[PDB]
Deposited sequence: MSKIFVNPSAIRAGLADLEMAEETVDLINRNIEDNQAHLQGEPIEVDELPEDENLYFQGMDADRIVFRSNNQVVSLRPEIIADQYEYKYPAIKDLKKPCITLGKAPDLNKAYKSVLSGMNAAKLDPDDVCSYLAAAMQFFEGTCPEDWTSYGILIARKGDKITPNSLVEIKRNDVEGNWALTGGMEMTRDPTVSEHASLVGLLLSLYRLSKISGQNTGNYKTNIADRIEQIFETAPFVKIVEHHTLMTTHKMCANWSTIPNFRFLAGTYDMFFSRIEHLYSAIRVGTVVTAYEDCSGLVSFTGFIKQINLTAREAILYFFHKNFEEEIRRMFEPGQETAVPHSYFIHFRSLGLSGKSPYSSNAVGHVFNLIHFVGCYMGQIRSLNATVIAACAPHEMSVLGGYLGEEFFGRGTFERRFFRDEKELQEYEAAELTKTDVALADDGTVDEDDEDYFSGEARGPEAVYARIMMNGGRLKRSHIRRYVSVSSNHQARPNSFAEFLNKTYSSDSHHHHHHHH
C-alpha cells in the first residue's frame, strides 16, 4: 500500500532520460559556484540555509525580456547611483536602468557555439556581452537620476569604476537574499569580502568601508524586485560562460544559479553523496508518492543536462514563477533526503525546513532504513527489512535519530525539531 517493491519501482520508472548527465552537470556547476559563494575562507556549518507547476522551457524562440526606462548618459547615471550608494538612498528603477546600460562594457569571445531552447545566443568566436543573452526593451520615460548631495565629481568615471559599481550594486542582490534570524555576522563577513573584491585591481575603490552594509540595510528586499533579479541572473549567466577581467562580479550573482531548485539540487547532491547512479538510487525510493516527483524532476525538454542553458537561471530570468524543482514541489524526496541526512548527523539537514505536507513521518521511517543502509544490502534487502519489521522503525533507528536531534540546537520548523517532537517528547 504505502511502500512499493523495487521491482515495481524499476518497472514504473523505466521511462527516464538524461538522469546521469543532469546529475553530473548540476553537481559540477555547484562545486564551481563554491568559489564565488564559499570563496570566503570562513565556513561555519551553522550558517544560513538554502499547486500547479510551470516548466521553464522557452517554446517560441524569444529571449528572456524586461522593460526599463530611457537609456541614460552613463557618466551622469554613474554619479547619481554612486551618490545614492554613499547615502544609502538608491532608486531601484535607476539602478536597473544603469546596470542594463552598463552591460555594454562587458565584452568577451564565445568559446563555443551557444544555443539554448532553440535560441542561438552566439557562434564560436563571436564577440558577446550580457546583452546577447536577453532583450532589454526601453521606453521614453527618463529616470530620476537624483544627486544625493555628497557627489563632488566633475570628471567622468573610468570603465574600472563602472565595473566596481556594477559589482557592488549586484552584490546587494546576494545580501538581500540572505535572510533569517542570526545572520548578522554572516552578512557582515560576506559584505567585507565583497568590498575587498571590488576595491582590488582590476576593480577600484569607489566607496569607503562599511558603505555596502549601510546601503543594504535600506535595500533589504531587493532580491524580489523582478527587474533587479533578472539583471543579476543575466550577469551571472554571462560570467558563467565567458571568462572575463571582471568575472568576480559573480560573488554577488552566483546565488541566482539553480534558484528555486532546492529539491532537484538536493536530489543530485544526495545521489553524489551515496556514490550511486540516479538509476540505482531511485530504486531505494519505495514510497508510492516518489514516482510522480521523480518524473516531475526529469521532465524532458528542459535542458537540465545542457551546459550554460537558460535553465540554470530560469527563475531569475522569469521563465517560470512556479518551479517544479523546488523543495515543496518534490517534498517527499526532499524530506527523505534530509531525514537520511539527520540520521547521518549532517547539520545542514538538521537545520533544513520540513515540508509538512509531504508525509514527514513516513519519510522519517524510510529515512531511518536508508540511513542505516548508507551509513557505511541493496534495494530488495532494505524493502524486505521494512516488511519484516511491519513498516515500523527499529528501536536502533529511533535511538540514533534521538541521539542526533536531542543534542542539536533545533531551529523552528526544522528536521531536528520534528525529530525531537516525534521521538523525544
Stretches of the deposited sequence lacking C-alpha coordinates, in sequence order, are 1 to 2, 53 to 84, 411 to 458, 508 to 517
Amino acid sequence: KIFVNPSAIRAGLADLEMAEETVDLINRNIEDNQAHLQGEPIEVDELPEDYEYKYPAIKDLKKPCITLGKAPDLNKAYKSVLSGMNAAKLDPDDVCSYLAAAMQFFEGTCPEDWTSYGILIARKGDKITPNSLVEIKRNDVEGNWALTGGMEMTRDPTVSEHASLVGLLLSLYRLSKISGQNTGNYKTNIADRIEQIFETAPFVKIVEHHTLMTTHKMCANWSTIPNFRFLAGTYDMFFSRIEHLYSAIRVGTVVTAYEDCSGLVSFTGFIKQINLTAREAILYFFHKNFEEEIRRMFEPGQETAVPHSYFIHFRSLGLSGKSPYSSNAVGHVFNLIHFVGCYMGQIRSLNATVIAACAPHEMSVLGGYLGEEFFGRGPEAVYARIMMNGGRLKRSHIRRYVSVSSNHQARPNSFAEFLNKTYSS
From here on, numbers count along this sequence of modelled residues.
Segment of higher mean CA temperature factor, 412 to 420 or 13 to 21: 13 to 21
Which is higher on mean Cα B factor in this entry, 294 to 302 or 233 to 241? 294 to 302
Highest Cα B-factor in the deposition, which of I30, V44, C65, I58? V44
Out of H313, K288, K137, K89, highest CA B-factor residue: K288
Which third of the chain does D73 land in by C-alpha B-factor: lowest, middle or highest? middle
Ranked C-alpha temperature factor of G118 among modelled chain residues, by third: lowest
Lowest, middle or highest third: which one holds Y186 when the chain's residues are ordered by CA B-factor from the entry? highest
What third of its chain, lowest, middle or highest, does the C-alpha temperature factor of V382 fall into? middle
For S171, does the deposited CA B-factor place it in the lowest, middle or highest third of the chain? lowest
